[PDB]
Ligand SMILES: Cc1cc2nc3c(=O)[nH]c(=O)nc-3n(C[C@H](O)[C@H](O)[C@H](O)COP(=O)(O)OP(=O)(O)OC[C@H]3O[C@@H](n4cnc5c(N)ncnc54)[C@H](O)[C@@H]3O)c2cc1C
Ligand SMILES: Cc1cc2nc3c(=O)[nH]c(=O)nc-3n(C[C@H](O)[C@H](O)[C@H](O)COP(=O)(O)OP(=O)(O)OC[C@H]3O[C@@H](n4cnc5c(N)ncnc54)[C@H](O)[C@@H]3O)c2cc1C
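Chains as they are written, first to last, in the deposited numbering: chain B, 4 to 349; chain A, 4 to 349.
See the structure below:
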């Protein structure tokens, strides 16, 4: 059949390294991700420097996502993006059937749940036809600090990530505006006092009411603002717009599944130090995995993934070795290394 | 006193990441390594490509040692190189005294044992004054493939690690010689048959009996060979000499200690999923740590190290958080990020 050895639900660090290590151990591997892009929660902070991945000199999240996606695809898994896994069923023969929000079905000998803290969607701007500018200069994350160098940015919404974004764009942007719909910027008073003594201009009881494209482009050239307590309707020229109205979560995967998988605190999968859940051949890796030695770092996701994959290989092939062969000596990389070495000699 | 918070014994991946994460959590950190150079077992294979470190695109061991050492020194720990720790003593107050082969003493609130598989020294060539040529062209490891491009190398010894080197130098070197003192090349018949089908010339019952330097330099220009069954004494011009007569191990650290530490299989530290040993404030990380979920990868060294450090911080400061703050938002990196961002904006 179309029966995979290992199917990975989720495309963040845990899922990607599962796909990678599953390929290192020569299993037919699939990875299913909700978003149209792989990478996981790091898409929430692609502009920050990341210092605590073992062996990485500091990189931005954006560059880290690049490296992880490349590593996850080394063995060319079946990649199913734009797909919400809706439920997991354990068949009587012991294999698994994954049902997507479409009803489409996937089949696997083992499943590695790497859904992290779930499906995150940024809450969209409820302005008529605002999606036109998503392809240009209407953002829901700070994709990179350089993107905003010398530009004029307005941030809609307060608190959440808003105060933190403004504080890191203040020394980079030409000007930073913040518009909040309440009275006080809903952060913690530690970082809101630096925001107000510095080069950020705040508008309270205001919201964006129309995105005005250029007569020459389709980028946002001006923005219309509206006061909720006085009533004034002003216009403002900007180079970039960033929306921060929060995130929507979807964690329904395991509730919607008929599986006696043990769950901690109504969300996390109750696992052991080897990433095993209470259902045979169903493993958890990454933020979804909870056990007494779970390390709440990206570095821990790699360990969960490797432990999960190593268990899956022996579930499928009992006489398989219990540990994967070190990459430095694994012939699985012979041809790939061949070209890399040929470039190393100039 | 000179009482450190965390002292790390061993400077490989586990030790290096312990020092880093110990610095991330703002503890006075020391790291002690036997060799003149940090890096650990990766120095045994600095010429190989490493694919399975989470988030690293394939890089050589040489480059990985570079990256790990830089990360391990991020917070400028006290680095004691060229130093063998001989024993660990638990003081009455619960702190620790580490005694070096000199008798010098180090003091710590916690110890993180990251000694891997022990102190490794390559078995030296027992030829009079052969160490003169170590600084020139007599090597005991393949430091890099490019070093040997288009060169003529003689490799002494015929063990399984001898055969592996020749097979990766065959398509790079101009010519490869292999000399073994026994009758049959004591590898496994899988790669020993590949050795003989190519441009590698083997000499059996042979060993080097004198190294002949250049009259103009002091590198080895010719090498003297001797047949152990015929008796011939031939001479051979070579560019590089590589000795592979095996390694000497030193694992006496935990036998020499009067410490009630639980040891598995007469070597490993018997730990839990949080890198705790049976002695309070004494942690183990990396290849020395054994427990049911230990991952035998560099990737696992990072998890062991992080879990150990997080436990040490709470051993030293009970009210400290049990998880270290994520690097992407940790003010401890403010000044360093300041400089990096200034370079990122051109
Ligand atoms: C703001 C912030 C900063 C951080 N900074 C650091 C740092 O500096 N260093 C560090 O080590 N860690 C950091 N972390 C932690 C790090 O983000 C997590 O450890 C890591 O992202 C967890 O990886 P994961 O793959 O387990 O989960 P995730 O990264 O959340 O990946 C889950 C993926 O699976 C998808 N998914 C979920 N449910 C489904 C479904 N039903 N069907 C299909 N796909 C689904 C999601 O869309 C997502 O793409 C930070 C976290 C946050 C929130
Ligand atoms: C040939 C080979 C290839 C490998 N390839 C891979 C690969 O591709 N991927 C992968 O993930 N893993 C690989 N590994 C495994 C990897 O090398 C180990 O997982 C890793 O080195 C463990 O790190 P460590 O810091 O725990 O131990 P080590 O690397 O052994 O570090 C221990 C350090 O402590 C020092 N030390 C020991 N005793 C003392 C003492 N008493 N006083 C002071 N210092 C002391 C030692 O000199 C050494 O520097 C490979 C291993 C080998 C042997």
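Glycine included, each C-beta is placed from N, C-alpha and C at the ideal position.
Chain-order list of residues whose beta-carbon lies under 8 Å from that of residue i (same chain, five-residue window excluded)
i: residue 44 of chain A; result: 15, 119, 120, 123, 290
i: residue 189 of chain A; result: 161, 162, 163, 183
i: residue 280 of chain A; result: 116, 264, 265, 272, 273, 274, 286, 287
i: residue 256 of chain A; result: 12, 88, 89, 90, 91, 116, 118, 121
i: residue 139 of chain A; result: 220, 221, 222, 223
i: residue 276 of chain B; result: 294, 295, 296, 310
Cα-Cα separation between residue i and residue j, rounded to whole angstroms
i: residue 99 of chain B; j: residue 93 of chain B; result: 5 Å
i: residue 205 of chain A; j: residue 157 of chain A; result: 10 Å
i: residue 302 of chain B; j: residue 295 of chain B; result: 16 Å
i: residue 137 of chain A; j: residue 30 of chain B; result: 45 Å
i: residue 238 of chain A; j: residue 101 of chain A; result: 50 Å
i: residue 253 of chain A; j: residue 83 of chain A; result: 19 Å
i: residue 27 of chain B; j: residue 311 of chain B; result: 13 Å
i: residue 135 of chain A; j: residue 81 of chain B; result: 56 Å
i: residue 177 of chain B; j: residue 339 of chain A; result: 23 Å
i: residue 195 of chain A; j: residue 300 of chain A; result: 27 Å
i: residue 128 of chain A; j: residue 50 of chain A; result: 22 Å
i: residue 332 of chain A; j: residue 191 of chain B; result: 15 Å
i: residue 334 of chain B; j: residue 341 of chain B; result: 11 Å
i: residue 145 of chain A; j: residue 58 of chain B; result: 22 Å
i: residue 217 of chain A; j: residue 244 of chain A; result: 14 Å
i: residue 227 of chain A; j: residue 262 of chain A; result: 50 Å
i: residue 71 of chain B; j: residue 61 of chain A; result: 12 Å
i: residue 47 of chain B; j: residue 147 of chain B; result: 11 Å
i: residue 330 of chain A; j: residue 42 of chain B; result: 18 Å
i: residue 19 of chain A; j: residue 95 of chain B; result: 48 Å
i: residue 347 of chain A; j: residue 149 of chain A; result: 32 Å
i: residue 97 of chain B; j: residue 307 of chain A; result: 33 Å
i: residue 185 of chain A; j: residue 249 of chain A; result: 15 Å
i: residue 236 of chain A; j: residue 21 of chain B; result: 56 Å
Nonlocal neighbours in the same chain, by C-beta distance under 6 Å from residue i, ignoring five residues either side
i: residue 143 of chain A; result: 125, 246
i: residue 309 of chain A; result: 24
i: residue 319 of chain A; result: 8, 112
i: residue 225 of chain A; result: 215, 238, 240
i: residue 323 of chain A; result: 316, 317
i: residue 260 of chain B; result: 90, 91
i: residue 267 of chain A; result: 273, 293
i: residue 75 of chain A; result: 19, 22, 23
Residue burial classification, residue i (beta-carbon count within 10 angstroms, cutoff 16)
i: residue 36 of chain A; result: buried
i: residue 52 of chain B; result: buried
i: residue 33 of chain B; result: buried
i: residue 86 of chain A; result: buried
i: residue 17 of chain B; result: buried
i: residue 55 of chain A; result: buried
i: residue 212 of chain A; result: exposed
i: residue 40 of chain A; result: exposed
i: residue 209 of chain A; result: buried
i: residue 105 of chain B; result: exposed
i: residue 316 of chain A; result: buried
i: residue 175 of chain A; result: buried
i: residue 327 of chain B; result: buried
i: residue 6 of chain B; result: exposed
Cut-off 7 Å between Cβ atoms - residues of its own chain near residue i, not counting five sequence neighbours on either side
i: residue 133 of chain B; result: 141, 214
i: residue 270 of chain A; result: 254
i: residue 251 of chain A; result: 124, 126
i: residue 166 of chain A; result: 188, 190, 194, 195, 198
i: residue 297 of chain B; result: 303
Exercise. Which parts of the region 65 to 132 of chain A are runs of the beta strand (DSSP E), unbroken and 3 residues or longer, counting only runs that do not cross its ends?
Worked result: Annotation note: the region 65 to 132 of chain A contains the following uninterrupted beta strand (DSSP E) runs of length 3 or greater, listed N- to C-terminal: 81 to 83, 88 to 93, 99 to 103, 108 to 116, 122 to 125.
Problem set entry | Length at least 3, wholly inside the region 235 to 323 of chain B: the beta strand (DSSP E) runs in chain order | List check, beta strand (DSSP E) in window: 236 to 240, 243 to 246, 250 to 253, 271 to 273, 285 to 287.
For this session: Entirely within the region 177 to 221 of chain A and at least 3 residues each: give me those beta strand (DSSP E) ranges in chain order.
Result: 178 to 183, 203 to 207, 209 to 216
Exercise. Is there contact here, the region 216 to 233 of chain A with the region 63 to 83 of chain A, by at least three beta-carbon pairs under 8 Å?
Worked result: no
For this session: Within the region 134 to 163 of chain B, note down every full beta strand (DSSP E) run reaching 3 residues or more, in order along the chain.
Result: 155 to 159
Exercise. Pairing CB atoms from the region 275 to 289 of chain B with CB atoms from the region 107 to 115 of chain B, are three or more of them under 8 Å?
Worked result: yes
Exercise. Taking contact to mean at least 3 C-beta pairs separated by less than 8 Å, is the region 164 to 173 of chain A in contact with the region 191 to 206 of chain A?
Worked result: yes
Problem set entry | In chain order, each alpha helix (DSSP H) run of at least 4 residues that lies wholly inside the region 4 to 41 of chain A | 16 to 27
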